[PDB]
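Peer 1: Chains as they are written, first to last, in full-length UniProt numbering: chain A, 1 to 172; chain B, 1 to 172; chain C, 1 to 172; chain D, 1 to 172; chain E, 1 to 172; chain F, 1 to 162; chain G, 1 to 162; chain H, 6 to 287.
Beta carbons are placed, not taken as given, at the ideal position from N, Cα and C, and that holds for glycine.
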Ligand SMILES: CCC1=C(C)/C(=C/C2=NC(=C\c3[nH]c(/C=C4\NC(=O)[C@H](C)[C@H]4CC)c(C)c3CCC(=O)O)/C(CCC(=O)O)=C2C)NC1=O
Ligand SMILES: CCC1=C(C)/C(=C/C2=NC(=C\c3[nH]c(/C=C4\NC(=O)[C@H](C)[C@H]4CC)c(C)c3CCC(=O)O)/C(CCC(=O)O)=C2C)NC1=O
Ligand SMILES: CCC1=C(C)/C(=C/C2=NC(=C\c3[nH]c(/C=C4\NC(=O)[C@H](C)[C@H]4CC)c(C)c3CCC(=O)O)/C(CCC(=O)O)=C2C)NC1=O
Ligand SMILES: CCC1=C(C)/C(=C/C2=NC(=C\c3[nH]c(/C=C4\NC(=O)[C@H](C)[C@H]4CC)c(C)c3CCC(=O)O)/C(CCC(=O)O)=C2C)NC1=O
Ligand SMILES: CCC1=C(C)/C(=C/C2=NC(=C\c3[nH]c(/C=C4\NC(=O)[C@H](C)[C@H]4CC)c(C)c3CCC(=O)O)/C(CCC(=O)O)=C2C)NC1=O
Ligand SMILES: CCC1=C(C)/C(=C/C2=NC(=C\c3[nH]c(/C=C4\NC(=O)[C@H](C)[C@H]4CC)c(C)c3CCC(=O)O)/C(CCC(=O)O)=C2C)NC1=O
Ligand SMILES: CCC1=C(C)/C(=C/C2=NC(=C\c3[nH]c(/C=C4\NC(=O)[C@H](C)[C@H]4CC)c(C)c3CCC(=O)O)/C(CCC(=O)O)=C2C)NC1=O
Ligand SMILES: CCC1=C(C)/C(=C/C2=NC(=C\c3[nH]c(/C=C4\NC(=O)[C@H](C)[C@H]4CC)c(C)c3CCC(=O)O)/C(CCC(=O)O)=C2C)NC1=O
Ligand SMILES: CCC1=C(C)/C(=C/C2=NC(=C\c3[nH]c(/C=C4\NC(=O)[C@H](C)[C@H]4CC)c(C)c3CCC(=O)O)/C(CCC(=O)O)=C2C)NC1=O
Ligand SMILES: CCC1=C(C)/C(=C/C2=NC(=C\c3[nH]c(/C=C4\NC(=O)[C@H](C)[C@H]4CC)c(C)c3CCC(=O)O)/C(CCC(=O)O)=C2C)NC1=O
Ligand SMILES: CCC1=C(C)/C(=C/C2=NC(=C\c3[nH]c(/C=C4\NC(=O)[C@H](C)[C@H]4CC)c(C)c3CCC(=O)O)/C(CCC(=O)O)=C2C)NC1=O
Ligand SMILES: CCC1=C(C)/C(=C/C2=NC(=C\c3[nH]c(/C=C4\NC(=O)[C@H](C)[C@H]4CC)c(C)c3CCC(=O)O)/C(CCC(=O)O)=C2C)NC1=O
């Protein structure tokens, strides 16, 4: 498990040299915009249930073959599994947002996902559509300018979008 | 595992249509001859020990390499193991006969059995020959026309032979 | 590839004893009904194309999910493959009928077909249903009581049905 | 294929450095006893056919079940193959003797032989017995004190035994 | 795993003949040379710590890249593991020396080791060099004539070198 | 094997075509002649022991040196006489197998293949077996088309030894 | 050509072995059937003129448009109907050839192999040659085994055209 | 790394083209090498050799390409492989014997199988023989050799893996192999699944590791596994025999083990006697 700070330390340890002034400056920038990071994590986790539920309804409205008999999200057991996996991806993305890097996301929920879904028969393209639906919803709720102090958050928004996209690209 | 009833129900659920009249008639035919299935399983299971013993003596007489020193069925420990596995195959086949479907046989006994023997170094061809010896012995004992109410049980006997053949082809 | 006569000879060679009178009588019985076997294969081969075509249209009428988009027998290339794999089975079953032994059918067609199909993901149960459709078609065509000297051929018809059933059970 | 000189060179190449005085002395010992090596290989090659033939007669006298009907040295085709394999083992051992290293013996001949015999069903232990018969015959032929300038040769004879032993143990 | 006596017994049991007089005299030679074997193993085990420590110092002096930052012995955890593995090799080799056979050395050591270092990333070639350093140390400590009843021990020393070499080459 | 039925099946299989009328006609001929073929096989096996013993004596008379000259290939020892009887028995058993199979398949699979190799290594001159097969051909006492089929297979073996 | 005799010869040639009893049995069967086949062929060729003309009229009646539609492929002009008759005659000549050859060889070499391509390029609708061959199948005038074997060849041609 | 992998020495190419195309001795060598490669190192008896082809071969009327085709279509080849195996397995064997490689993707089976289904087997062999690959790597005067080991031509990486499934040793013949009589590279070919390299036996214990993914852990860990520091190493084993309670079950199998426990697990596995096939990070 490597967060941003751990990543910098690990690279510096590979070289065997003390952190350069540039690396120090980068991590100082990270901490000076830390409140934004934790605020985004808080907003995503506060609406997690609604995010996953709305995105699921949208996915099954866009691709009815999934919920038709025979489709891979049918018989109510596989439906539960599908909702579970959507929320699992959301949970690991939230971890990644707090950490600041995608290491956790790529290690613990993206590493073998493609092969497992391929073997299961789960359509990976559909899963990518679902995670992009979640991406838009979470981005909007975190970026809502009403309800909190104004400021700039665009870099963090781009980062969260990047992590959702990483998941979508790996599963499909 | 799926027995015959469960298999038809599972296929109907996968397609998503109430069981049709044709399927109902098929299942009624199966239950109409159910007593025959039960009698066959009873007759084979009560002679299990003799079936395996006679087949084993025949196998070692026809392929002496197994009981020669340095062969696979030697040292009296591997002989015990060989008899144990022959009766294991017989047991899972009897389960299959009672069920009416090969799902149990294909999920526990012959499931990944080829790999097992290939790694152990046993000749799989010889295992198939042993299963065939058991097939003829068991089908003779089960189809014995003396001792019970007369009738034509040939269809069920062919099904029993089919199970034995499936195992023999999956091990070699 | 061994026919019935060759099968008996090979088994006798394994024992190493001249063919006994009983074995001679058995082979003579096989030759005595050989004309019937020849007529059966002739009739089935003459209608092979119609047999597979009618059985295919029936299969896709009873299981529409195959030809619905996203199913296994869709895109017109896989449809061609499906027809090809039905006619292949019919051809090797005809070979088995002429031989009088199922060795060819079990060695060059049924030996590993199940594994290939499940790796492909194509439903093996549906393949078995198709085999049964071809079974009824061919058994009706061959036993048609018109055009040739009448007789009792029920035994040969049962044997033909046995070959078809063996294929259907081995694939699913 | 590595010979003795090549073996020393390859180890020295793995470690870099430069050929040590000890290694030089070892190779000098090899060359000062080279005439012995060449004489031994010449004697074994000159009597190859009779060595194989005599050992074969002994093997089939000691283990008659091999040539009895249904055994693996039956039917005159497998007998030809068995004679071939005995001669091939002798040939690659002769190669090894001339080389001075057993790399050739394990790189081509023994490379895969074990699984080949395991799949064929041929009893490996019996093959080992046959190799040992050849071992005694060939070592006696080479160690015959009459016919050549006398001198110490026991080390080379033990080396020949070592090669035969390696083959016999790897087959069994 | 086996020992020397057990190895001879097992091979002769596989072939199915009472132990021959040749085998008897070989084993008697082994036991007449037994006290030497026990002395050697006692001396190597008593100096195990010094052997591994000196060999480690030499290895890191000859291959400085190992202990430099970013190398496979760096970080003080991998260094501990490396010393542990060198001692492990020594331990299994001492087992082998007492046994008189390399059966234990191949059954509970070296089997999988080769691939273990390739997976971890640890260079296996360096491991081989380290095993050779340990070989020199242990051979010298065992062959020291001072402090023990004088006699011939060259054969035993060559056997110990053979074990060490087997491990060092097959791990790389 | 190279059995008429099997050969027809293989001919159709290599071309991936359903069994054509030509092959069916061939197999029909096989069935029509099978009655005589099986009669001949029965006749040979009913007199098998007498044939084997007679052939053994025949080769002993044609090649007297084989009963006197010392060597493993010769039958001077009683063990060698047993071996000679066993091998002539092999040949007769194979001829009966070929008679019932209606083709040369059994002969080629359990004999002929590598016959030269074995006869060279163990120093077993083919002439011995050739004379024995001649005796079998003359004493089997068959008549008609059964006789012609049996003689054909025996001569196949004779020419293969040569 | 794919004569049974020739096919057996080729099968033995590819293996390089002398003709065994299997091939001899096959050719004997062909000789035994040849009597009926040759009588049928003689009958069909002695009565050829009637059949060819009748088939021409049959297709002119079943497809009237073909003798009243302008185009080179059509027989409205006298030259066109002459060519139609000539082609029907070719089919009848081929059926006699395949009757005497004891197989479908002649038909496959001088027809069948190529009929699809030519029927597409020269606008020769297969239906024409289906109906004509059916007329020949009905008016052949044979009886017994001759009738069945000749009709077998004619239906081979029908099933190849379509 | 040569001996363990099995490629003892496959390090040259035997042509026959010469002014002395017979070369009085070299032609004997070329004929032997063709028999070894085309018939899969089968022990051909002297009587059943294809004498007719060799006649034209020395005469110069036929080239090495024609000789290879003659053997490939002769019934000598058909009895060993073509008639007796699943058709897809036959396609694999053709690729091994004629083009010296293994199927790189499923499309290969599609094409060759369709040829067999319509045109016949003779046409299938024809396609292998005159494919651009055979025309280039070999040259109508060069005996086919296993070029799959070398990567120069341009091929999917999986090819290397797959060829080691077909070649199970210098001694081995495809008529006689551990997994013979059934498809060796069929289930994998449809899924484009890689295969762990099974080294052929060499003067040590052998345990052919079948790898049906029907019941094995996935190649990746697909989770955090135990969660201990470090990634998850997948350890395979084949010969588990000592602890047979119902009979051990699934004697050949793999276990995904977290890094810290590897050592312990290793010794356990060694105790049963199975020789670890591979230890791959997941
Ligand atoms: C319970 C744990 C905990 C939380 C949640 C927390 C929040 C927190 N966020 C802050 C700042 C802030 N939060 C934002 C956030 C945003 N700007 C935007 O444009 C977006 C719409 C949004 C991203 C979601 C900004 C710009 C600041 C001020 C600058 C900064 O310190 O990062 C501040 C300092 C100024 C203030 O009082 O607002 C606090 C205390 N502190 C805590 O100890
Ligand atoms: C504990 C569970 C249970 C068993 C075992 C059982 C046996 C049982 N089998 C029966 C019939 C029968 N048993 C057979 C059996 C055979 N016919 C043959 O030719 C074969 C040799 C053989 C089958 C392989 C037949 C044909 C009938 C009559 C029809 C039927 O009920 O299936 C009957 C009814 C007639 C009678 O015997 O009174 C009973 C009660 N009933 C049970 O409740
Ligand atoms: C080239 C291969 C070949 C063919 C085509 C052939 C035809 C053929 N079919 C025959 C009869 C027959 N066909 C049958 C067959 C049947 N009985 C039934 O109830 C069913 C409806 C049907 C099963 C298909 C029977 C029983 C005979 C008469 C007895 C016999 O010869 O088998 C006969 C003998 C009597 C006769 O001349 O009519 C011949 C020659 N013979 C051949 O050698
Ligand atoms: C074609 C290439 C070639 C070969 C093969 C060759 C062999 C060769 N080895 C020799 C030596 C030898 N030959 C032996 C032979 C033996 N003494 C014994 O007591 C044993 C029974 C036996 C071991 C098999 C020994 C010990 C030597 C070494 C002494 C010397 O070099 O003269 C000699 C000289 C004396 C002799 O003939 O023995 C020759 C010519 N020289 C060559 O140029
Ligand atoms: C009883 C038989 C047995 C052996 C042989 C064995 C070896 C072994 N050594 C290991 C680790 C290791 N082994 C080394 C060894 C070395 N580093 C170097 O620089 C040198 C070149 C080399 C020593 C000569 C290192 C550095 C690790 C740690 C690797 C890591 O944590 O990533 C591991 C990985 C799991 C672990 O940390 O234990 C194994 C399995 N384990 C066993 O159970
Ligand atoms: C409790 C277990 C146990 C041990 C350890 C033991 C040692 C032991 N070592 C002995 C001899 C010996 N020890 C050595 C040892 C060596 N010679 C060398 O040149 C080398 C440097 C070194 C071996 C590598 C030799 C050569 C002998 C005499 C010959 C022999 O052992 O057979 C002897 C016989 C004479 C004597 O007392 O020295 C004993 C009893 N006895 C025991 O009961
Ligand atoms: C079923 C096919 C088959 C055949 C044909 C066959 C032949 C065969 N005959 C053999 C030997 C033999 N064959 C003979 C035969 C004869 N000795 C004489 O004096 C006579 C002139 C002659 C009778 C014609 C003898 C004596 C042996 C023993 C070889 C020996 O002791 O060296 C051997 C050598 C190994 C052995 O003893 O089995 C073979 C392989 N093996 C087979 O599996
Ligand atoms: C021996 C095998 C064989 C066949 C089958 C064959 C077919 C054949 N038919 C042709 C033409 C023709 N075929 C017809 C036939 C017909 N007109 C009609 O109205 C009918 C419906 C129909 C007869 C059923 C006509 C009119 C032509 C001439 C078309 C042209 O010259 O363009 C031609 C072009 C050369 C020509 O003008 O004759 C060929 C090659 N040739 C052969 O050598
Ligand atoms: C279509 C079947 C076929 C034929 C006919 C054929 C002929 C043929 N015979 C040859 C050799 C030969 N043929 C003979 C034949 C004879 N020597 C004499 O003294 C006699 C007068 C005569 C026999 C009656 C000789 C001596 C050679 C060897 C030429 C040589 O290598 O120097 C060669 C040379 C290459 C080789 O031996 O493979 C060919 C091509 N090859 C074939 O595949
Ligand atoms: C022993 C001779 C032999 C057999 C039997 C065989 C089976 C076989 N069938 C295939 C395809 C196929 N087979 C089917 C079969 C069916 N789909 C359905 O919906 C039905 C239930 C069923 C027919 C009734 C389908 C759909 C495919 C295409 C699969 C795909 O492209 O993904 C493939 C895939 C490769 C290709 O399409 O070329 C193989 C290997 N291969 C062989 O060499
Ligand atoms: C150059 C290195 C090399 C070796 C060693 C090798 C072995 C080898 N031996 C074989 C056969 C065989 N090996 C034997 C061996 C024996 N049977 C017995 O009873 C004896 C105990 C034993 C002889 C001592 C037999 C009988 C066969 C033939 C099996 C068959 O083809 O059916 C086969 C395959 C089947 C065939 O012959 O086509 C191979 C590949 N291949 C090689 O490339
Ligand atoms: C419930 C399903 C199930 C099956 C199928 C099964 C098979 C199975 N049989 C085994 C052993 C064995 N199985 C055999 C079987 C044979 N030996 C021969 O000589 C013959 C050729 C053949 C019987 C005809 C032998 C010899 C062993 C012992 C192998 C050894 O110790 O090396 C083993 C090895 C571990 C052990 O002995 O426990 C397994 C896993 N185990 C199972 O739990």
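Taking 8 Å as the line, does the beta carbon of residue 133(C) fall inside it for any heavy atom of ligand 2?
Peer 2: no
Peer 1: Whole angstroms are fine: how far does the CA of residue 126(A) sit from the CA of residue 64(A)?
Peer 2: 11 Å
Peer 1: Compare the C-beta of residue 141(B) against all C-beta atoms of chain H and say whether one is closer than 9 Å.
Peer 2: no
Peer 1: Measure from the alpha carbon of residue 80(B) to the alpha carbon of each residue in 97(B), 96(B), 53(B) and 91(B), then state which is nearest.
Peer 2: Closest by alpha carbon: 53(B).
Peer 1: Should residue 13(G) be labelled buried (16 or more other beta-carbon atoms within 10 Å of its own) or exposed?
Peer 2: exposed
Peer 1: Closer than 8 Å: is that where the CB of residue 123(D) sits relative to any heavy atom of ligand 11?
Peer 2: yes
Peer 1: Using beta carbons (cut-off 9 Å, strictly below), is residue 106(E) in contact with chain B?
Peer 2: By this cut-off, residue 106(E) is not an interface position.
Peer 1: Using a C-beta to C-beta distance shorter than 9 Å, which residues of chain H count as neighbours of residue 111(C)?
Peer 2: 90, 91, 94, 186, 187 and 188
Peer 1: Just the chain B side, please: which residues come within less than 7 Å of residue 125(C) by C-beta, in chain order?
Peer 2: 11
Peer 1: Between which two residues does the alpha helix (DSSP H) carrying residue 141(B) extend?
Peer 2: 124-142
Peer 1: Under a three-way DSSP split, which group does residue 233(H) fall into?
Peer 2: coil
Peer 1: From what residue to what residue does the alpha helix (DSSP H) around residue 106(G) run?
Peer 2: 105-110
Peer 1: Within the continuous beta strand (DSSP E) that includes residue 289(H), where are the two ends?
Peer 2: Given that chain H is displayed from residue 6 to residue 287, the structure contains no residue 289(H) and the question cannot be resolved.
Peer 1: So, is residue 88(H) buried or exposed, given that buried needs 16 or more other C-beta atoms within 10 angstroms?
Peer 2: buried
Peer 1: Run through chain B and tell me which residues come within less than 8 Å of residue 255(H), C-beta to C-beta.
Peer 2: 112, 115 and 116
Peer 1: Got a sec, what are the start and stop residues for the beta strand (DSSP E) residue 35(H) sits in?
Peer 2: Segment 31-43 is the alpha helix (DSSP H) holding residue 35(H); no beta strand (DSSP E) there.
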